[PDB]
2 protein chains.
Amino acid sequence: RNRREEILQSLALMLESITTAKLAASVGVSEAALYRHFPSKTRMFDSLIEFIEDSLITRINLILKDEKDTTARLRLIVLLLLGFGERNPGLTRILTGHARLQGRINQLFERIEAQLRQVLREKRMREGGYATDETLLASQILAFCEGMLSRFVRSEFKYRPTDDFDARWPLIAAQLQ
Amino acid sequence: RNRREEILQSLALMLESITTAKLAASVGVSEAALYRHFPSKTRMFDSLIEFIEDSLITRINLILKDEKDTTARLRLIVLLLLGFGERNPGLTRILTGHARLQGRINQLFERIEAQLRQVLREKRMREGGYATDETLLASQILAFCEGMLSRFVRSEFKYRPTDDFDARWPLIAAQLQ
């Protein structure tokens, strides 16, 4: 439980810089034990993407209750995606292609997209909404985020996702009209 | 010359759906001959990316002289990138990661970025310019394009880059103030 996300953290770190025997050891436990959590290396890579996705949602559910204004929530969620990709180069090169189990990656994206989609919806919900389809908008914002994460990896990490974010945000805000 | 881009077209098609013996045959010529153009499979994959990049610039140099207005030039160049990725799924999965020689891919991107960067520059050149660094802007537009190309591949081609472009362009135009 608290130990599974422990095998997943150790996994993300190993990717960063597998071997189920070294990983099991990493977390004071044995292969037999580790395999009782993740019987296949395929299942834990899935759980790893899922772990990222859940962790990412947990960070977003925090924004949605600190900030009530839609533009502010957006600003932070986008900053979370950028910042996450920047802090986790290894994981971000997997979500960006440069590394199947891609249905699970794509699920993670459709997922972050639906959280964006509703933050944009909860705007008309109390303003009975945007002049643009929130589906078109959510996907327009995610495309940027996804494009910034895809540079970074490309430029051999010369371009950091959160560089000049204060100069960029305005460009995105101009799309929320 | 006209025959090299012929080996490169046949290459792009084969990727779409190698083997230097089948490729050579493809173009009524022999391996010996083909190898005198591209001695290494590494050199022609490079020439293939370059071929894409040059072809892409050729299409842009056309826009720059049909349309004189900056927003119109932009609209089309972005539509060319989207449309290109949509017409060439195979090549676009290589530029998107899902396929080293990545310094050459990245060069292609920095390249399309510098063409964007100057179309934005040639705006102040006769209006002595945008309220945003054209470098920040060019890279903001390319990020979107790159993000749309990265979906497409992801969604197993459910999301086409040029879908709803007429509803999206406005969102980008709002970033040119």
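The figures here come from the full heavy-atom set of this structure, side chains too, leaving out hydrogens, waters and symmetry mates. Chain letters run A, B, ... following the sequence lines, proteins first, then strands; residues in each count from 1.
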Partner residues of A:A12 under the side-chain contact (heavy atoms from CB on, under 4.5 Å) criterion, sequence neighbours left out: A:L48, A:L91

Test item: [X] and [Y] side chains (from C-beta on) under 4.5 Å apart, heavy atoms:
{"X": "A:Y35", "Y": "A:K41", "result": "yes"}
{"X": "B:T42", "Y": "B:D46", "result": "no"}
{"X": "B:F84", "Y": "B:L95", "result": "yes"}
{"X": "B:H98", "Y": "A:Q102", "result": "yes"}
{"X": "A:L8", "Y": "A:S47", "result": "yes"}
{"X": "A:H37", "Y": "A:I7", "result": "yes"}
{"X": "A:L34", "Y": "A:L23", "result": "yes"}
{"X": "B:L120", "Y": "B:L176", "result": "yes"}

Think A:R4 forms a cation-pi with A:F38, using NZ or CZ under 6.0 Å from the six-ring centre and within 45 degrees of its axis?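 A:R4 over A:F38 ring: yes.
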
Please report the interatomic distance [atom1]([X]) to [atom2]([Y]), rounded to the nearest 0.5 Å.
{"X": "B:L137", "Y": "B:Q177", "atom1": "CG", "atom2": "CD", "result": "7.0 Å"}
{"X": "B:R87", "Y": "B:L82", "atom1": "CZ", "atom2": "CG", "result": "11.0 Å"}
{"X": "A:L108", "Y": "A:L56", "atom1": "CG", "atom2": "CG", "result": "6.5 Å"}
{"X": "A:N106", "Y": "A:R100", "atom1": "CG", "atom2": "CZ", "result": "10.0 Å"}
{"X": "B:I63", "Y": "B:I77", "atom1": "CD1", "atom2": "CD1", "result": "5.0 Å"}
{"X": "B:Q115", "Y": "B:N61", "atom1": "CD", "atom2": "CG", "result": "5.5 Å"}

Contacts under 3.5 angstrom, residues 165-173 of chain A side chains, donor-acceptor by atom type, not counting sequence neighbours:
from: A:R168; atom 1: NH1; to: B:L136; atom 2: O; distance (Å): 3.4
from: A:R168; atom 1: NH1; to: B:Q140; atom 2: OE1; distance (Å): 2.8
from: A:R168; atom 1: NH2; to: B:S139; atom 2: OG; distance (Å): 2.7

Going by the rule salt bridge (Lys or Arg N to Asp or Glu O under 4.0 Å), which residues pair with A:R111 if we only count those two or more places apart in sequence or in a different chain?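 With neighbours one apart ignored, the set is A:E53.
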
Sub-3.5 Å donor-acceptor pair from the side chain of [X] to the main-chain atoms of [Y], do we have one?
{"X": "A:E31", "Y": "A:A24", "answer": "no"}
{"X": "B:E67", "Y": "B:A72", "answer": "no"}
{"X": "A:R73", "Y": "A:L64", "answer": "yes"}
{"X": "A:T58", "Y": "A:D54", "answer": "yes"}

Smallest separation among heavy atoms of [X] and [Y], with atom names:
{"X": "B:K123", "Y": "B:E127", "result": "O-CB, 2.9 Å"}
{"X": "B:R3", "Y": "B:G28", "result": "NH2-O, 4.0 Å"}
{"X": "B:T92", "Y": "B:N88", "result": "CG2-O, 2.6 Å"}
{"X": "B:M14", "Y": "B:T19", "result": "CE-O, 4.2 Å"}

Who are the side chain to side chain donor-acceptor pair (under 3.5 Å) partners of B:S26, not counting sequence neighbours?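 Result, side chain to side chain donor-acceptor pair (under 3.5 Å) vs B:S26: B:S10.
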
For A:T162, side chain to side chain donor-acceptor pair (under 3.5 Å) partners two or more places apart: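 By the side chain to side chain donor-acceptor pair (under 3.5 Å) rule, A:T162 matches A:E86.
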
What verdict does the side chain to side chain contact (heavy atoms under 4.5 Å, CB included) test give for A:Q107 and A:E110, after you've listed the backbone C-alpha separation in whole Å, the side-chain angles of each residue and the deciding distance to 0.1 Å? CA-CA 5 Å; A:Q107 189 197 311; A:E110 286 304 308; 5.7 Å; no

Would you say B:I57 ends up clustered with B:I49 if hydrophobic residues are merged whenever their side chains have heavy atoms under 4.5 Å apart, either directly or through other cluster members? no

Tell me whether A:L62 is reachable from A:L80 by hopping between hydrophobic residues (I, L, V, M, F, W, Y) whose side-chain heavy atoms are closer than 4.5 Å.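 No, separate clusters.
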
All N/O donor-acceptor pairs, side-chain side in residues 142-150 of chain B, below 3.5 Å, sequence neighbours left out:
from: B:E146; atom 1: OE1; to: A:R154; atom 2: NH2; distance (Å): 2.9
from: B:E146; atom 1: OE2; to: A:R154; atom 2: NE; distance (Å): 2.6
from: B:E146; atom 1: OE2; to: A:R154; atom 2: NH2; distance (Å): 3.1

Ring centroid separation B:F152 to B:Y159 under 6.0 Å: no

Yes or no on side chain to side chain contact (heavy atoms under 4.5 Å, CB included) for B:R124 and B:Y130, after CA distance, side-chain angles and deciding distance? CA-CA 7 Å; B:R124 144 180 168 164; B:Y130 288 112; over 6 Å; no

